[PDB]
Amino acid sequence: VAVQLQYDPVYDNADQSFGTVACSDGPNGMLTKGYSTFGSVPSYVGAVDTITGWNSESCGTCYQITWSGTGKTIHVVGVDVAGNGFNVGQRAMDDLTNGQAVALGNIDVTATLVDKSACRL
């Protein structure tokens, strides 16, 4: 309660390497956890402001995120530093907003840290 969300179409890039983000290698990084690219994770991925830098203990955490606008929920795996709230893919925001990612650009959402398994990790 509540938290900014915006979209970066980088997180829709299946081939974006986990090398390019804070959550790259090291024990918490997604490379180490066996994901080479964003598309190898069975979840939307995003930056979250709980990740502050490389090898963040928050790297690879899972957020259940809800938008009061549609009441829809998505799961996002935090893999990069966000300044404020979440930056997710457009697919991820489109999901949340029933296709108003481009039109709204930023929404306020509600998010909860949940078991990794909720993001299929």
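A residue's number is simply how far along the shown sequence it sits, counting from 1.
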Stretch with the greater mean C-alpha B-factor as recorded in the entry, comparing 105 to 113 against 12 to 20: 105 to 113
84 to 92 versus 56 to 64 - which carries the larger mean C-alpha B factor in the record: 84 to 92
Options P27, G69, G34, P42 - largest CA temperature factor per the record: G69
CA B-factor ranking of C119, expressed as a third of its chain: lowest
